[PDB]
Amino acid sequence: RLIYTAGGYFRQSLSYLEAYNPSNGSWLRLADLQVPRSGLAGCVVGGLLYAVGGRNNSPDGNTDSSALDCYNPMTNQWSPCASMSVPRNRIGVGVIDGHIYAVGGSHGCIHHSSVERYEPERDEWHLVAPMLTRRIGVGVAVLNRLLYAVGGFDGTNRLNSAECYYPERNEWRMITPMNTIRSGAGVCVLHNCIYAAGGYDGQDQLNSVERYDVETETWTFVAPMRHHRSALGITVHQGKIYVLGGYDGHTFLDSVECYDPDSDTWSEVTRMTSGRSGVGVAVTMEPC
């Protein structure tokens, strides 16, 4: 029912949790994160919203986060969960069969290839097989109970490469690379395709959008977004992609755009209450 945006960055890391309602255009401000964080990811398991990793960039210092925190819309409260094995800033996450996969990200100058999986029933993290590539600012999506890690930055180069994790083999394999180098792209799934929207290539923030068809193993460009943006939040709500904020090399954007795959068009839907980048985004039910 609602698109939740958690944390992000403008001047410093943010604690905001706000929920947008596509049905009426309204934004609600909800309970702040306990710790400000940018470069985190959001996901939903069993109706609960999780905020994963990131970094607190504050005037008092810069601290990468290994934190997992859970928001209950029914109570409007955040609860701490078990922390990850390592801090993971500029993280990507995916959910498969009620488990959260935390992928890549940085801890200071360490750019992680490691991956770990959270089991809400046990409140436990366990490492799984590492990716073949170190990736921070990595886009993650899940399609047909397979996990995809797309683009990012390896410590030296921004990447067009992507790879797939096969849970029952505990194994990563490269897939077809994207046609575009993208770090901090928005990555999501819609129908049978993984979409990669925007990002940064070391020179420019991008408006281009391409999608990987798992059946054909090829990437194809769709219509570009109205705004160039890196470190955007992205989610799917009722068969449409929504992209939230990000950075265009000039402004921390408040723009929210929506993609209709049937007309292959992007349109402006709303503005966030303030411009920000590096948010975590996910969809769950209305609070209380």
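Note that residue numbering begins at 1 and tracks the sequence as displayed.
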- For the stretches 120-128 and 141-149, which has the higher mean C-alpha B-factor as given in the deposited record? 120-128
- Query: If you average the Cα B factors in the entry, which is higher, 171-179 or 72-80?
  - Reply: 72-80
- Note on the structure: One of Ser26, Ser66, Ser38, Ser230 has the largest Cα B-factor in the entry, namely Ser26
- Message: Please place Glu215 in the lowest, middle or highest third of its chain according to the CA B-factor in the PDB entry.
- Response: highest
- Item | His111 - which third its CA temperature factor falls in, relative to the rest of the chain | middle
- Query: What third of the chain, by the recorded C-alpha B-factor, contains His191?
  - Reply: highest
- Query: Which third of the chain holds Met285 when residues are ordered by C-alpha B factor: lowest, middle or highest?
  - Reply: highest
- Message: Per the entry's values, where does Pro22 land by CA temperature factor relative to the rest of its chain, in the lowest, middle or highest third?
- Response: highest
